[PDB]
Every structure is written in C-alpha cells, then in structure tokens.
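Understanding the architecture of this molecule
Residue-level listing of the chains:
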Amino acid sequence: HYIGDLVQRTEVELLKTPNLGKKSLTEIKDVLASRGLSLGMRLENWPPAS
Amino acid sequence: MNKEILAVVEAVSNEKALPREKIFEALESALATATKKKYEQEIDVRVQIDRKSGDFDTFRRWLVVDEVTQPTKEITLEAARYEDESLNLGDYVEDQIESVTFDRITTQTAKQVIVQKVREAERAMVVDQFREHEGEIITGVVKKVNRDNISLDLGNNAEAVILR
Amino acid sequence: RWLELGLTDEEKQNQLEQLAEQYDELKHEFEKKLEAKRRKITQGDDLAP
Amino acid sequence: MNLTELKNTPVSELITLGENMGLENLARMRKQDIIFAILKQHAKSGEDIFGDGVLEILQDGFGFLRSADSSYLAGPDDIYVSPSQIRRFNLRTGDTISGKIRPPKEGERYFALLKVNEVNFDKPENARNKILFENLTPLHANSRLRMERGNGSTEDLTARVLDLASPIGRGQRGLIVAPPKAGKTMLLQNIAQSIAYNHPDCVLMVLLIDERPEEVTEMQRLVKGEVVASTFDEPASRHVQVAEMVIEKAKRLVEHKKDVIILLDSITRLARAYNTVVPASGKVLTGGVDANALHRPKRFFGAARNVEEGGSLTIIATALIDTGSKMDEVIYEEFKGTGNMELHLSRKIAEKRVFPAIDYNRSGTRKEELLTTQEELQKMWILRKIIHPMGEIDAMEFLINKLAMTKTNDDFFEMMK
Amino acid sequence: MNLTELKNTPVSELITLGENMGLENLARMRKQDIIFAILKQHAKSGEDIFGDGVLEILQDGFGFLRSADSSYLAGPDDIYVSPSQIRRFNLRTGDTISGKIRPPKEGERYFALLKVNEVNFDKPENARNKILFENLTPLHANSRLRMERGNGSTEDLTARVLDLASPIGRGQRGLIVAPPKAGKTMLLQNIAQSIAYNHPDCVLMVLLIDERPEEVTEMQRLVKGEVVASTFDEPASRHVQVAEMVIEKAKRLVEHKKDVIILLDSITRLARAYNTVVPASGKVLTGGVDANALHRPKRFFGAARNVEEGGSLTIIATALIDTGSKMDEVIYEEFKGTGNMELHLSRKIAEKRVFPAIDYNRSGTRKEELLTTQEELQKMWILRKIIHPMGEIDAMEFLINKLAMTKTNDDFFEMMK
Amino acid sequence: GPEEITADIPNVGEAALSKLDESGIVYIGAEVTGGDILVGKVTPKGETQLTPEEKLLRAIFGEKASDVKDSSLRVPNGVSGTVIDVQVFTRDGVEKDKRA
Ligand SMILES: Nc1ncnc2c1ncn2[C@@H]1O[C@H](COP(=O)(O)OP(=O)(O)O)[C@@H](O)[C@H]1O
Ligand SMILES: Nc1ncnc2c1ncn2[C@@H]1O[C@H](COP(=O)(O)OP(=O)(O)O)[C@@H](O)[C@H]1O
Ligand code: BEF
Ligand code: BEF
Ligand SMILES: [Mg+2]
Ligand SMILES: [Mg+2]
C-alpha cells in the first residue's frame, strides 16, 4: 500500500501472486520508469516515519 | 491490409537485386520502427508477418539481463524462470500484438525504410557482383569526377570509385 | 444463459416456451432494427449527375 | 397445418386449393412459390404452420430447413432458423427437424421457426447429451442383411446370386464395379426392394448423382424411403450440397442409434463433380484429376461403418468403369482397395442377354465369417472352389440353371452337393 | 496431471469428469477440445500439467509435441515448445518428450512447456552428447528374431513357415510381395504378436497407410506398441506427416540404442501418396510416376539397418502388386532389388483356401549364415533343395501336412530327414 | 481520368502534408492558421496508362506525380480555425475511403 514498500523489492514475487500477468507487470514497470526509480533497490531508512 | 502488403512484396521494382526474404526483412524492420514510434517508451518489437500469405503477429523483446535501465526491455535472470525461459539472452516473446501498419506516419516511415533497404540491397548486389573482377581490368564510363574521388559507370546500376 | 429447464411440463414448459418465443421475437425485431439502421446509414447517397 | 401433406400431394390438388382460397392465378408459377403462397394464405386464415425437413448450417450462422422432394434446394419453401436455436438446442448440420413455424413480416420472406417438436425422430432432452459420429468406434459387420425374399420371382434370382457372392451386413462397404450397358439400375432397385421388404425397420436412402431424370422419377415412387437425387441437369454445386445433406442426415440418424443404409450411384460421377467443384490445389495427374479433389469423396465412402455402441451405417456405392476417359479409371484405382466388398459385373455376360452378369470369380467379401454360420460358410466355400475353374459366361449359365429350379439358397446348396 | 491417463481412457469417463467439474456441455464437441477443456479446468483448479508426446519441428522454428493416438495430428491437444528449448537441449524432430506444461494466456491457446523430464526415455544430460543416425555404421543382421512361439496353434504355423522361408533379424529389410485378396493382414498381426511375445524388450511399431478404418481400430487394441495409422480418409499430406513422424521417432530411438521394429503396410500406397503430395519435377514415366517422387519412399526403406555401435532398426514393408495400374508395378520394380528379404504370397494358393499362401520357391533371405547356426542352415538348405522341384500348391500342402503333426521346427527338420 | 483524393501531393514539403492522414484528409481536431492544405485532391491532367504498379512505385520511388495539377482545395487566406467534423458523400459503385 506504499510506493517505498514496492521500490525495495524485485518482481520475482510479483509473478508468484496469481492474476499478475503482462498487463499489471508492464504497467508498474513503465510507471516506475517514467518516475525514474527502479524496481528493486537497497535502502535501510524505512519507513520514515511510519 | 494483408492484400496490400502482398501487392507490395510481389510488385517490387527490382525482383533480382531485392529478393523475397529481403523484402520480408525490410517490411519487418519498417513495421518495427513504426511500432517503436507508436509507443512513447523504447521497446524493440518484430512483427514476424507470415512470409507467404498471412498477416502480422508482433512480439516483444525483453533482453534478459540483470540490469533495470529501460525496464520495457529488461528481464532479470533470477526473475525469468517462469515461461521456461532459462536462458541468458533471446527472450523475444509475444507479449505485444495489435500493431497498426497502415496509418500515415507508419506508411511514411515504412516507405523511408524501404528506400534505405533497397539502396543497401543494390549496393551489396553491385559490390559482390563486380568484386569478382578485382584482379582483371574493368571498363566503363565515368558518372562524375569530384574532388576527393571520381565515380564511374560500369553497367546496370554499377558504380566504381577511383581515389584522388 | 440457461433460461430453459424442465419441471411439470404440461403447463410450466408451455409457459416457459411462450416466454422463449417472445424472447426470440424480441431478439429478431432488434436485429431487424439494427440491420435497417445499418443499411440506411450505409446506403450510397446521390450527389450530382 | 402440416407441411408434408401439401409437399407430397400432386400439384393438381394444390391448384384446386389455391383456386378455392380465392387467390391470384396460382398455376402460372413453380410448385415452390405455389405452396409458399398457399401456406401464407392458410396462415393468414388459420392456425400456426407445421413444417419439417433437414437442417443445413451455412457459414453465416443461421440454418435452413429444406424438404426431401426438392433434393434440399433453396427456394421459398425453406424454413429459416435463427442461430438462437443452434445455441440453445445445439443444432448441427443434417438434423432432421419438425415443428411449429410462423409467417414472415417485412424484411423477411421465409417461415421462421417457433418451437421444435421432433429432432431426428427424438426428444430434444434425449438428443441434448449424445455421442458424436466420429467419436464412435467402428467395427466389422455382425448382423447379415438377408436379401432373399423367398418367393423366387423371375428377377429376384439376381438378389439370390448376390447373397451367393457378397454377403451384405450392417456396416459393410459395397463397390459395384460395372461398365455401362450392364444393367445395374434394376439391380439396385431390386436390392432396395428386398432390403425394405425384409428389413423395414432400418431407414433406406438412395442417391442418384448425374443420372437421367426419367430414372429419378421412376425410382422416387417405386421404392421406399426418400429418394434424393441430383441429376446431371444442375451444376456440381448442387451435387456436393446434396452429398453433404445426405451424409449429415445419415450421421445424425446413426448417432441416434438407427441402422442407416445408403445406395449411391454412381461414385465416379460424384467424384468427378467434386473434382470440378472444389478449387484446385495445383497438383494435377493425367485425366484432369486433382490430389485433394478425392479427399471429400474418400471421406464420403469412409463414413460407413459398424458402430459398437448402437446402430450402424452401410453404404453401397457403385463405380462406373470402362468409359474411355481417365477420370473414372483413376477413381476406380483409388477406390479399389477401399471398399471391403466388391461386386464385378462384366459386360461380356451382359451383352449376351445373360442376366445378372456377375463376375463371381472376381467378387468377394472380407470377414464373411461374422455374417454367416459355419456350415453355410463351408457350402459357400465349396461352391466357390467348384465354380472357380470355370469361366464367366459358362459359370453364369450353370448357376442360373441350378438356381432356377430351386426357390431357396439352402435347398440350392444341399442339391449342389 | 498426467496426459496419458486422459488420452487412452474411453470418452465416457471424460464426459463424466467434465460433467462433474461443472462445465459447459462437453459431449457436444470433438474428443480433442473435450480433453483440452478438461485439462484447462484441471489446471485452473489444480497443479501443473504433465504432458508427453513426439516432437515435430516446423520450418517456423518452434516445435509441436503431438500424441500417438491422434496419429500425431494438429489440434488443441498439441504442446507448443519454444525454440529456446531447441537451442538449449538441442532438440530434433521426432524426439519423444515428456514433462511439465502450463496453461495458455491471451495470445496463446496451446499448453506451453515448462520443464522437460524425459527425452526419448533418457536423461537430457546423457542425450546431450550423442551420435547422429546417419553417422552410424550399418551392418548385417546378427541376432535372429525368433518368430516361433512354441505352442503350435492353428495359425501360428504361418509364422513357423515364415521362419522356414525368411529368417528375420535385427536390421533386415523385409518386402512382402502379395496381390490383394491374399491374407497379409492377419499374417502381419501374427508376426507382431509373436515378435512382442518373444522379444518384449524391443519397441514394436506398425503403420497402416491408406487402410480401412475398421482394421485400424481392430489392430490398435489387439497388438502391443503404439499403432499409428493414416487411413485413406485423409489426404496425402497427413500420410507424409505421419511418415516423417514415425521415421524420426525410430531414428531417435535407435540413436538412444534401442532395437526398433517397423511394420509398414502397404509401401506402394505410401509411395503413391508421396508421388501426389510432393511437387512434380517435370519428368514423368508411364502410370503417372515422377522421378524424385520415389526418393523419399526409397529413403524411408533405406533407414533400416543394423547399427554396429548400439541397437538396430528392422523395417518390414509390404508391397501391394497385381492391381491393374502401373503405379504399383513400377514401385515394385524400383523396390525389387532394394530389400534384402523378399516374401512372395501368390494368390493362386490363397484362392484355394490354402493358408498361408507362401511362394517358398521365390522367397529367400541373403546373408542368412549370420542369423542361423551351421546344422540349422544345412537342414534349411536340404529342405529348400527338396521343395524346389515341386510346384506351389502341392509344396504348400506338403509343408502344411508335415508341419501340422510337429510342434517345433527342430523336430520338423529331424523328421524330414 | 477521374480525380482522386489520394495523399500523393507533389511540389510540397512533408511538413505541410503532416496535417493530413494516409487518406489525404486532415485529422479531426488539427487547427490551421493560414493558407494550408486540408483535402488531398488530385486530378489526372494527362492520358491513360496509370497502372497500380506505377502507383506503388511513385508512392516510394520515381519522379514527381505527372498528372495532378494540384487541384487540392486549401483553406482560404486569412481565415483560421480548428477542424471539428468531416462529412463525406460517395456515389454508388465507388468504394468508400477509410475515413468514410
Ligand atoms: N435381371 C434382368 N433381367 C432382364 N433384363 C435385364 C436384367 N438386368 C438388365 N437387363 C437389361 O439390360 C438393360 C440395362 O439397362 P440400364 O438399366 O440402362 O443399364 P445400366 O443400369 O447398366 O446403365 C435393360 O434394358 C434390361 O432390359
Ligand atoms: N492363416 C489363415 N487362416 C485362415 N484364413 C485366412 C488366413 N489368412 C487369410 N485368410 C483368409 O483370407 C482373407 C484375407 O482377408 P484380408 O486380410 O482382407 O486380405 P489381405 O490380407 O490380402 O488384405 C480373410 O477373410 C481370411 O478368411
Ligand atoms: F445407366 Be448407365 F449405366 F449409365
Ligand atoms: F488387401 Be487389402 F485391401 F488390405
Ligand atoms: Mg443404369
Ligand atoms: Mg489387408
């Protein structure tokens, strides 16, 4: 339910969840591409401050 | 539309200098750059139109590599065991269909790509036909003598060059 | 999609078949109106000699 | 009102009815539009219409129910059935339908179906969950079809010789190899007569393709069962149409566990019509024959089989040979090792006024052990071994003289000992 | 879920399963799409799918895995395999594959392969570095195939006479030259029965081309091994398809060091289908035969050999002669000096109710010294020299009377002295 | 010869022809300020021998369009605006273009 909870993880688990086909995966990856960030990062400051 | 693609592939000007598989690959590259211009992102796609009769059925290349840059054409090795990829390079899959190959900008870029391809084809044909006469003497009128070099007519679309 | 069943034929099936016939007539009339509108909006117009 | 009473009635009663209804001058048009206008008038003053026929599904989606007497041809008499019935009852091409129908309004001209009543002589509930034709398991014929009537007429001896040379059973394939001028028409007529007199429970169907019309009219009212025929008067399109019609009718009937029997004449003409009607595939042999052009005829001959679940289908298609062209020759070569029961009728015996001209030496049937008993088979083999050293005409006259005195094949066999 | 349990099960259990799964009306369509929808439903509610079959690579690049019971035909039941597997495991046409498969999403309709498990009944590691078929060194047959069962039934004597006239071994080429009406079907059936009862370790394959469907269904469940057959019901395209399928399967199996045995009937019909399916090359002889049209059949007959490295391939293809046309005649002439073991079945003895009708005088096998022992060969030569002055029917009945009393060929030989 | 609405207009740059589609008609919603092309009409001012192979060749290669006269209608000078609707009427027998 948070973007930062999605940036720090890869899509190997995304396809594990059922009903996650080409549409959703491509949409998420293109949205994060337009946003510049990458799918799968490494940060320790999480979540500040929630 | 397939009838028009046919009419084109069978009604080419130089059937010899431009073989059938060459027309196929030229149309494929033209429709590929058309589909590239379609999407705002950068994603490489071949059309693989049925060479003999049928219409197109595009694909979507994804370039298996651990990188993430331009994720439209990115698939990590670890997250690729699904769909029985199991490979390092060549994940050219059919995730993308519905190509439009007849609108205005697509037709213009296809005409441009066809011009480029027939020019490349005639160049390759003339060079690998008149290269056999590399040791012997060649006779022919000069097209035009420029400063850096001169260009010579050798026959049917046959060009040679002599340096300054 | 399964309007048709079977029980107490003598009158239940009679009423169900009457309803199915009404449904088929309605569908045919709708298809007729569709085709009429199609051939009206797609007929070649007369412009000038 | 029912349809068949007005279909199979003479046109004179139709003219009288149309004149009594106070209508336009009726006798000035086809029988088709005559009966169409008669049904329209009877529906305008009367109750719902009751129609019947065989269903054909086009590539368009809807269906046409056509009658048997018009050889299932297009016209005002057809019945339009929407794809909604084909989705509800899951109809198929060749379904024998009979039920209620209504008159058409503007935009339409065919009588639309209101409610089906009998589908292939069966209830729609029983026909819903059924078994497909190709999904059945073919087998060899077990119940032999008795062709001897028992009266021993002047011509039934032909059928007797047939029982002597080719034991026919439910599910067998019969190929009558006979040149022209040989007398196969009355042979098939007598076969149909005997098989309807001895086995009236199984449906009997005959098919005359590229045949003279006089024979069509004289056979359509001499034997039982619907006599569907596509004479040479029409192009090959109607021939392939009626071929599909009859084959789908037979498939549906055998799917409903009914012993179907088809009489096809001739198969070479049907294959020629197929060759000229289906588009060419490029490859062409001598005689103007295509490769795929024989695929559909082959299928048509292969549809016959003995179903293990219920019922069977027995086709008897005659191959016309010795015409001069190469079409018939290559067709007979392609169909030689196809049928499991050949019957050769040499013209040498026919031209000598010796009927039936039957080449008993070259005729035979495979797996006849499953159709006849033990001592019957032994007597048949003894007779075959006795007749084989003889020629054709001499053996034929010997068999005729030995069969004329007796009335039953059993007494014939015991007297031949 | 495994595929074969649903493939070789009767369609009734499939109908029951599809009705229990709460699906659409299933019995209204082919067995193919029935099992396709059943697998789709079981995958939607269940685990991965387990499929198997034989692989065919098209000119397109991908591959299709097809089942044996449908004679390797296209349909919803095929398995799509990407060229990535053909690049990784280096697949080839005719590879027997079995492994895990997944359901298709939009854009696709065939079950895509997930992971191979068994390739030609072997591990992919062992199959990676292997030896090609044509790279092997052919040789003569050394291990003789014993066709005598030992019980001495009413019909196994046929096989006995076969052992008397044509010693068959692993890697031999058998040509059965017999006109129609001669009784070769049950002969091949008994041969298959004996060779499966005596040698159950070697794979047995039969092929019925342009054959009646009833024989196909009665042979597909009477003998061992997958009975692949392309009846006359389909065009020649399916015939050449199944020919390549079976030949590539045999090539892969013999490359995996397995004794493969093919029974082909008939070879003249297969060559005719080849002639009409492959484009013409201009040159045409009498009977409508092309020059290159026999190249592929020739290859098919030449594939059989005795491999020195491991395993062998023994084909037994029967040539149908005496039909009237010239196609079969020129085919038998071209294949006369081709097979190294001919077996002639004259119809003169068959029509006399004397089975098996075997022309022992014209039959023989080359290099039989590498299949039989010394005294066995001496007794065979003595018997040949004794029978040769006799005719055909008399020699046949003499052999029948001398073999009926004995139960084993050894006691027969010693009693013939 | 009859006049056509093909998008083959010579003696004009591609920038001016960018407002038209492949059928030679401006897209619905493309504004125009000054005198510009909006309907690609051409008429054959010459003789016969206009073969389809010649058409597809001229569409890609060859010299300029021989017989056109550039009879295409342009928006009058000074008047501007944004196109919002296009209507087409075709005589029977003549196949309708893609915009129709
Ligand atoms: N069983 C029979 N008894 C008497 N005459 C026969 C018999 N069979 C055939 N014929 C004669 O042979 C002729 C065959 O005519 P037709 O039916 O046109 O031959 P086909 O059916 O072979 O074309 C008839 O004129 C008939 O007189
Ligand atoms: N070994 C045998 N014993 C008894 N009868 C046989 C034998 N072989 C063949 N026959 C008879 O010959 C016939 C051959 O039938 P079929 O298999 O159709 O011929 P073919 O094998 O020439 O195609 C059978 O009906 C059978 O009765
Ligand atoms: F009636 Be004939 F045999 F054409
Ligand atoms: F000889 Be049979 F037709 F197989
Ligand atoms: Mg006749
Ligand atoms: Mg046989």
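Helices and strands together make up the secondary structure of chain F, namely 2 helices and 2 strands. Each principal axis of the C-alpha distribution contributes one length, and for chain F these read about 40 × 35 × 20 Å. Of the roughly 6,500 Å² that chain F leaves accessible, carbon and sulfur atoms contribute 58%. Averaging the positions of the 12 positive and the 18 negative side-chain charges in chain F gives two centres separated by 4 Å.

In this section: a negative patch on the surface. Residues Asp9(C), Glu10(C), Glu11(C) and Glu125(D) make up a contiguous surface patch of negative charge. Ranked by the residues each element gives to the negative patch, the list is headed by helix 1 (residues 9–42) of chain C, at 3 residues. Relative to the helices and strands, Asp9(C) resides in helix 1. Note on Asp9(C): relative accessible area 41%, which makes it partly exposed.

With that settled, consider the site of ligand 2. Taken together, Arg366(D), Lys367(D), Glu369(D), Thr158(E), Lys181(E), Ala182(E), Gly183(E), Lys184(E), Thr185(E), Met186(E), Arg353(E) and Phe355(E) make up the full set of residues near ligand 2. Neighbouring residues of ligand 2 are not confined to a single chain but are spread across chains D and E. One of the backbone nitrogen or oxygen atoms of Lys181(E) is found 3.5 Å away from an oxygen atom of ligand 2. Measuring from an oxygen atom of ligand 2, one finds a backbone N or O atom of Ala182(E) at 2.9 Å. Within the complex, 80% of the 570 Å² of free accessible area of ligand 2 lies under protein. Classifying every residue of the shell around ligand 2 by side-chain character gives 3 nonpolar, 3 polar and 6 charged.

All names here are of chain E. Remark: helix 9 (residues 236–255) packs on helix 11 (residues 295–302), axes separated minimally by 11 Å, with the N-to-C direction vectors making an angle of 30°. In terms of axis orientation, helix 9 runs roughly parallel to helix 11. Between helix 9 and helix 11 lies a crossing of left-handed hand. Here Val240, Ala243, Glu244, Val246, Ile247 and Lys251 of helix 9 lie close against helix 11, whose contacting residues are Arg296, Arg299 and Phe300. Each residue belonging to the contact of helix 9 with helix 11 can be placed in one class, and the counts come to 5 nonpolar, no polar and 4 charged.

The next thing to look at is the interface of chain E and chain D. In this complex, chain E contributes 34 residues to the contact, which on the side of chain D involves 39 residues. Here chain E and chain D share an interface that buries about 3,100 Å² over both sides, 48% of which is from carbon and sulfur atoms. The largest per-residue losses of area from chain E upon contact with chain D belong to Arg28(E), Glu214(E) and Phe232(E), which jointly make up 24% of the total buried on that side. Applying the counting rule to chain E against chain D returns 3 salt bridges. Between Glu334(D) and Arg272(E) there is a salt bridge; the shortest N-O distance is 3.7 Å. The biggest single contributor to the side of chain E that touches chain D is helix 10 (residues 267–277) of chain E, with 5 residues. Split into classes, the residues belonging to the side of chain E that touches chain D amount to 11 nonpolar, 8 polar and 15 charged.

Listed as interface residues are 5 residues of chain F and, on the opposing side, 7 residues of chain C. Counting the surface lost from both chain F and chain C, the interface buries some 510 Å², and carbon and sulfur atoms represent 37% of this. Three residues, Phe89(F), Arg91(F) and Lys96(F), lead the burial of chain F against chain C; their summed loss comes to 73% of the area buried on that side. Taken together, the connections running from chain F to chain C amount to 1 salt bridge. Its salt-bridge partner being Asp46(C), residue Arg91(F) comes within 2.7 Å of it at the nearest N-O pair. Across the side of chain F that touches chain C, the residue classes break down as 1 nonpolar, 1 polar and 3 charged.

Our focus in this paragraph is the arrangement of the chains. By number of contacts, the leading pair among the 8 pairs of chains in contact is chains D and E. With no contact between them, chain A and chain F keep their nearest C-alpha atoms 28 Å apart. Nothing in chain E touches chain F, and the closest approach of their C-alpha atoms is 27 Å.

Turning next to the sheet that holds strand 1 (residues 49–57) of chain E. All names here are of chain E. Reading around the barrel, the 5 strands line up as 1-2-3-5-4 and close back on themselves, with mixed pairing between neighbours. For this sheet the average axis-to-axis angle between neighbouring strands, irrespective of direction, equals 55°. Strand direction decides the pairing type here: strand 3 (residues 79–81) and strand 5 (residues 111–119), joined by 2 bridges, are parallel. Across the sheet, the residue bridging to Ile79 is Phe111, located in strand 5.

This next bit is on the pairing of strand 2 (residues 63–66) of chain E. All names here are of chain E. A two-sided burial pattern is seen for strand 2, the buried positions comprising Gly63 and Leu65 on one face and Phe64 and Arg66 on the other. Inspection of the sheet shows strand 1 paired to strand 2 by 4 bridges, in the antiparallel sense. Paired with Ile57 across the bridge in strand 2 is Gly63. Taken together, the 3 bridges between strand 2 and strand 3 define a ladder with antiparallel strand orientation. Looking at strand 3, one finds that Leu65 is bridged to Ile79.

Below, the discussion takes up empty space enclosed by the protein. Residue and element names in this part refer to chain E. Reported here for the largest cavity is a volume of approximately 170 Å³. Lining of the largest cavity is provided by 16 residues; of these, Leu162, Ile168, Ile191, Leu263 and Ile316 occupy positions nearest its centre. The element that contributes the greatest number of residues to the lining of the largest cavity is helix 7 (residues 185–198), accounting for 4 residues. Broken down by class, the residue content of the lining of the largest cavity amounts to 14 nonpolar, 2 polar and no charged.

Residue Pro48(A) is joined to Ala49(A) through a cis peptide bond whose omega torsion reads -5°. Along the chain, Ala49(A) falls in the segment after helix 2 (22–34). The omega angle of the peptide bond from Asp265(E) to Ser266(E) is -10°, so this bond is cis rather than trans. Checked against the element boundaries, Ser266(E) lands in the loop between strand 9 (260–265) and helix 10. Phi is positive for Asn19(A), close to 65°, though the residue is something other than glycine. Locating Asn19(A) in the fold gives a position in the loop between helix 1 (4–7) and helix 2. A positive phi is found at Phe121(E), a non-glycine position, where the angle reads about 60°. Within the fold, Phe121(E) resides in the loop between strand 5 and helix 5 (124–128).

This brings us to the side chain of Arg66(D). All names here are of chain D. Here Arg66 is to be found in strand 2 (residues 63–66). A polar atom in the side chain of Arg66 sits 3.1 Å from the backbone oxygen of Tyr72. With residues near it in sequence (within four places) discarded, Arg66 still touches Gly53, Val54, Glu56, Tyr72, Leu73, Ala74, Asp78, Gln241 and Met245.

This brings us to the site of ligand 1. Residue and element names in this part refer to chain D. Taken together, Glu155, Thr158, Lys181, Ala182, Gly183, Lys184, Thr185, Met186, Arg353 and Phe355 are the residues near ligand 1. Between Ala182 and ligand 1, the recorded distance is 3.1 Å, taken from a backbone N or O atom to an oxygen atom. Within the contact set of ligand 1, an oxygen atom lies 3.0 Å away from a backbone nitrogen or oxygen of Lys184. Burial of ligand 1 by the surrounding chains reaches 64%, relative to a free accessible area of 570 Å². Along the lines of polarity and charge, the residues of the shell around ligand 1 split into 3 nonpolar, 3 polar and 4 charged.

What follows covers the environment of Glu397(E). Assignment of secondary structure puts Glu397(E) in helix 15 (residues 393–405). Given a relative accessible area of 42%, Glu397(E) falls into the partly exposed group.

This brings us to helix 12 (residues 327–334) of chain E. Listed in full, the buried residues belonging to helix 12 of chain E are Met327(E), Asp328(E), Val330(E), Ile331(E) and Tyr332(E). For helix 12 of chain E, the elements touching its buried residues are strand 10 (284–285) of chain D together with strand 6 (173–178), helix 10, strand 11 (289–290), strand 13 (312–320) and strand 14 (341–344) of chain E.

Here the focus is helix 10 of chain E. The buried count for helix 10 of chain E comes to 10 of 11 residues, which makes it a mostly enclosed element. The complete set of buried residues in helix 10 of chain E reads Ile267(E), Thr268(E), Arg269(E), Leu270(E), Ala271(E), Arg272(E), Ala273(E), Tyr274(E), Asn275(E) and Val277(E).

Moving on, we get to the pairing of strand 7 (residues 203–209) of chain D. Residue and element names in this part refer to chain D. For strand 7, the tally of buried residues reaches 6 of 7 residues, placing the bulk of the element in the interior. Where strand 7 and strand 9 (residues 260–265) come together, 6 bridges link them in parallel fashion. Across the sheet, residue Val203 finds its bridge partner in strand 9, namely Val260. Relative to strand 8 (residues 227–230), strand 7 runs parallel, the two sharing 4 bridges.

Thresholds, definitions, all that
- Residues numbered from 1 in each chain as written, not as in the entry; some residues may be left out.
- Chains lettered and ligands numbered in written order.
- Part of a larger assembly, values for the part shown.
- Heavy atoms only, no water.
- Helix = DSSP H or I, 4+ residues; strand = E, 2+ residues; numbered from the N terminus.
- Areas by Shrake-Rupley, 256 points an atom, 1.4 Å probe, with all protein chains shown as cover.
- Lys, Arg positive; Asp, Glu negative; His and termini not counted.
- Charge placed at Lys NZ, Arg CZ, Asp CG, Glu CD.
- Patch = residues over 30% accessible without salt bridge, like charges linked within 9 Å, V, L, I, M, F, W, Y side chains within 5 Å.
- Salt bridge = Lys/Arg side-chain N within 4 Å of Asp/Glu carboxyl O.
- Buried < 20%, exposed > 50% of the residue type's maximum accessible area, 1.4 Å probe, protein only.
- Near = heavy atom within 4 Å.
- Polar contact = N/O pair within 3.5 Å; in protein donor to acceptor, adjacent residues only side chain to side chain.
- Nonpolar A, V, L, I, M, F, W, Y, C, P; charged D, E, K, R; others polar.
- Axes fitted to C-alpha atoms, helices over the stretch in contact; angles between N-to-C directions.
- Parallel < 35°, antiparallel > 145°, perpendicular 65-115°, else oblique.
- Left-handed = near helix turned anticlockwise from the far one by under 90°.
- Contact = heavy atoms within 4.5 Å.
- Buried area = accessible area lost by both parts, 1.4 Å probe.
- Pairing = 2+ DSSP bridges.
- 1 Å grid on protein atoms, 1.4 Å probe; cavity = no way out; pocket = protein on both sides within 12 Å on 5 of 7 lines; lining within 4 Å.
- Points joined across faces, edges and corners; volume = space filled by probe spheres on them.

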